[PDB]
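Notes follow the structure.
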Amino acid sequence: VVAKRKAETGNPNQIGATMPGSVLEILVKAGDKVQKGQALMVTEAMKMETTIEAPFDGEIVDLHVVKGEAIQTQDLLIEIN
Amino acid sequence: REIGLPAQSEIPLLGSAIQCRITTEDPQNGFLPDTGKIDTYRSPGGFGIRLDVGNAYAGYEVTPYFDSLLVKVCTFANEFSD
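Here the protein sequences come in this chain order: C and B. The numbers in the entry's author numbering rise by one with no breaks, and the one at position 52 of the first sequence is 1108. The numbers in the entry's author numbering rise by one with no breaks, and the one at position 42 of the second sequence is 362.
Have a look at this one:
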């Protein structure tokens, strides 16, 4: 079981998972330009749905999760620049 | 006679009091209750402050199973504005 890359604490370029759960749907792919509030992916915690929004305007660097993947708190979901 | 309460007209009325419930409801996320580990919990006191704590202490894991209350805060003072 290869441990997952965590989001760096206090790094606002890296969005980490806030609660354990799984990834339902990814809406973007590496390189895309994006605006504050724009929906980037959807996740679930106890089958309740959350949409991950961009914290500010910028370019997507990469994804670090795949569809249906399981995730724990702090896991790195996406990096933004 | 036994509990020692006075007659109605002698029931005190001492200033005013306000209660707020501090919860894990995130007002920036549609008041959905947050869960996870409480790292730091430092509670105030002093004159005119009453705390009735729920489950909030450093190290406690707020679960999704129950209500989102952390602590009830009351303040009290002679004047409403204080």
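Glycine included, C-beta positions come from ideal geometry on N, C-alpha and C.
Using the Cα positions of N1069(C) and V391(B), report the straight-line distance between them to the nearest angstrom. As a working mapping, residue 1069(C) is identified with position 13 in the first sequence. As a working mapping, residue 391(B) is identified with position 71 in the second sequence. In a straight line, the C-alpha of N1069(C) is about 34 Å away from that of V391(B).
Using the C-alpha atoms, what's the distance from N398(B) back to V1090(C)? Within the first sequence, the letter at position 34 stands for residue 1090(C). Within the second sequence, the letter at position 78 stands for residue 398(B). Each residue's alpha carbon lies about 54 Å from the other.
Quick one: list the residues of chain C neighbouring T343(B), beta-carbon separation under 8 Å, in chain order. Counting from one through the second sequence, the residue named residue 343(B) turns up at place 23. None at all; the shortest Cβ gap to chain C is about 17 Å.
Would you mind stating whether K1062(C) and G1072(C) have Cβ atoms separated by less than 8 Å? If you number the first sequence from 1, residue 1062(C) lands on position 6. If you number the first sequence from 1, residue 1072(C) lands on position 16. Between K1062(C) and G1072(C), the CB-CB gap stays under 8 Å.
Run through the region 1100-1137 of chain C for me and flag every whole beta strand (DSSP E) of 3 or more residues, listed as ranges in chain order. The region 1100-1137 of chain C contains these whole beta strand (DSSP E) runs: 1104-1109, 1114-1119, 1132-1136.
In the structure shown, what three-state DSSP assignment does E1081(C) receive? Reading the first sequence from its first residue, position 25 is the one you call residue 1081(C). It is a strand residue.
Quick one: what's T395(B) bridged to in DSSP? For the purposes of this step, residue 395(B) is taken as residue 75 along the second sequence, with counting starting at 1. Bridge partners of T395(B) according to DSSP: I338(B), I369(B).
Is the beta carbon of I1082(C) sitting closer than 8 Å to the one on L1132(C)? Within the first sequence, numbered from 1, the residue matching residue 1082(C) stands at position 26. Within the first sequence, numbered from 1, the residue matching residue 1132(C) stands at position 76. Result no, Cβ atoms of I1082(C) and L1132(C) do not sit closer than 8 Å.
Going along chain B in order, which residues have a C-beta closer than 8 Å to the C-beta of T1129(C)? Against the first sequence, residue 1129(C) aligns to sequence position 73. Per Cβ cutoff of 8 Å: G356.
Hey, how far is the Cα of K1092(C) from the Cα of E1115(C)? By 1-based counting over the first sequence, the position of residue 1092(C) is 36. By 1-based counting over the first sequence, the position of residue 1115(C) is 59. Each residue's CA atom was taken as its position, placing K1092(C) and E1115(C) some 11 Å apart.
Cα separation between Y361(B) and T1107(C)? Here residue 361(B) is taken as the residue at index 41 of the second sequence, counted from 1. Here residue 1107(C) is taken as the residue at index 51 of the first sequence, counted from 1. Annotation: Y361(B) to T1107(C) spans about 29 Å, alpha carbon to alpha carbon.
Can you list, in chain order, the residues of the region 1058-1077 of chain C whose Cβ is nearer than 7 Å to any Cβ on chain B? If the cut-off is 7 Å between Cβ atoms, the region 1058-1077 of chain C has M1075 near chain B.
Cross-chain neighbours of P347(B) in chain C, by beta carbon under 9 Å: In the second sequence, counting from the first residue as 1, residue 347(B) sits at position 27. Against chain C, a Cβ distance below 9 Å from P347(B) picks out nothing, because the smallest value is about 16 Å.
Under 9 Å, CB to CB, which of the residues in the region 362-394 of chain B have a partner in chain C? Closer than 9 Å at the C-beta level to chain C, one finds these residues of the region 362-394 of chain B: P384.
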